[PDB]
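Chemist: with the input below, show me the fold.
(chains A, B and C)
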Amino acid sequence: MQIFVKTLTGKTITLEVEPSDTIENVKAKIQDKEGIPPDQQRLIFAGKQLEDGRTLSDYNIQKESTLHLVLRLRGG
Amino acid sequence: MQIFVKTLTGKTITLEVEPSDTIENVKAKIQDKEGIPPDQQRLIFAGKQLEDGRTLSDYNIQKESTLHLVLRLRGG
Amino acid sequence: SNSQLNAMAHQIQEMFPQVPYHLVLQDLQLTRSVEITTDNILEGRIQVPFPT
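Modeler: Numbers count the residues shown, from 1 in each chain, chains lettered A, B, ... in the order given. Have a look at this structure:
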């Protein structure tokens, strides 16, 4: 199934994944297309944060769902 | 006596209870009136969370007191 | 103007469908960076919809 990741810049990335895929792997795929480190990649879904050690089936993430990419920079 | 329960939506309901009433029983009333499962009913009073197996007098809850009802949505 | 501020805030509003719009515009004037604004919300710098 294909999903759509929306970036804060208004960019829409299309990713081909399966319900059995892990959140960690999804972010790794984004690093393959964009290059952004998964450590700084906070995946949010409908306002809820997706735990790295989870699957798409855990949050009922279906196809064509919008994945929110949140950034984080703690320097103080 | 009467108590006021306020939800995150701002909605406020008045519940008829007595000091001898148990929190578990009170939340059960909300479960039937609003349809909210007790498993997702988090009753907070004065910053402190109330336990199910406790009475209203256990926390010295007086009449016309406002209780905060927070939901627990997990897996959705 | 607040044109760019609104545009940036609305973007975050789509990410977090449970955050006060006026609070989003608030941090947007302080940090002025969506990379930190949305972060601040997740950390707990922004007040959530709590009854009172």
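Chemist: for residue A:20, what are its contacts?
Modeler: Neighbouring residues of residue A:20 by C-beta atoms under 8 Å, 6 or more residues apart in numbering or on different chains: A:55, A:56, A:57. The way it works is simple: take the backbone N, C-alpha and C, and place the C-beta from them, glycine included.
Chemist: distance of it from chain C?
Modeler: Residue A:20 sits at a distance of 26 Å from chain C (criterion: C-beta to the nearest C-beta, to the nearest Å).
Chemist: can you check residue A:67 too?
Modeler: 10 Å.
Chemist: again, but for residue A:44
Modeler: Counting by C-beta to the nearest C-beta - residue A:44 and chain C are separated by 6 Å.
Chemist: could you find the closest non-adjacent residue to that residue?
Modeler: residue A:68 (3.9 Å; C-beta to C-beta, 6 or more residues apart in numbering or on different chains).
Chemist: would the one you found count as being in a helix?
Modeler: No - using DSSP: H, G, I helix; E, B strand; the rest coil, the secondary structure at residue A:68 is strand, not a helix.
Chemist: surely it meets residue A:3?
Modeler: No - the criterion here is C-beta atoms under 8 Å, and residue A:68 misses it with residue A:3 at 11.7 Å.
Chemist: who's more crowded, those two?
Modeler: The residue with more neighbours, out of residue A:68 and residue A:3, is residue A:68; 24 against 19, by other C-beta atoms under 10 Å in any protein chain shown.
Chemist: tell me how many other residues crowd the closest residue to chain B within chain C.
Modeler: Closest to chain B within chain C is residue C:51: 4.0 Å, counting by C-beta to the nearest C-beta. By other C-beta under 10 Å, the residues close to residue C:51 number 17.
Chemist: thinking it is in contact with residue B:8, fair?
Modeler: Yes - between residue C:51 and residue B:8 there is a contact at 5.9 Å, judged by C-beta under 8 Å.
Chemist: so what sits against both of the two?
Modeler: Shared contacts of residue C:51 and residue B:8, defined by C-beta under 8 Å, 6+ apart, comprise residue B:69.
Chemist: list the contacts of residue A:70.
Modeler: With contact set as C-beta under 8 Å, 6+ apart, residue A:70 has these partners: A:8, A:41, A:42, A:43, A:44, C:15, C:38, C:39, C:42.
Chemist: ignore what I typed, I meant residue A:1.
Modeler: A:16, A:17, A:18, A:19, A:62, A:63, A:64.
Chemist: what's opposite residue A:67 in the beta bridge?
Modeler: residue A:5 (DSSP bridges).
Chemist: isn't it up against residue A:5?
Modeler: Yes - using C-beta under 8 Å, residue A:67 is in contact with residue A:5, at 4.4 Å.
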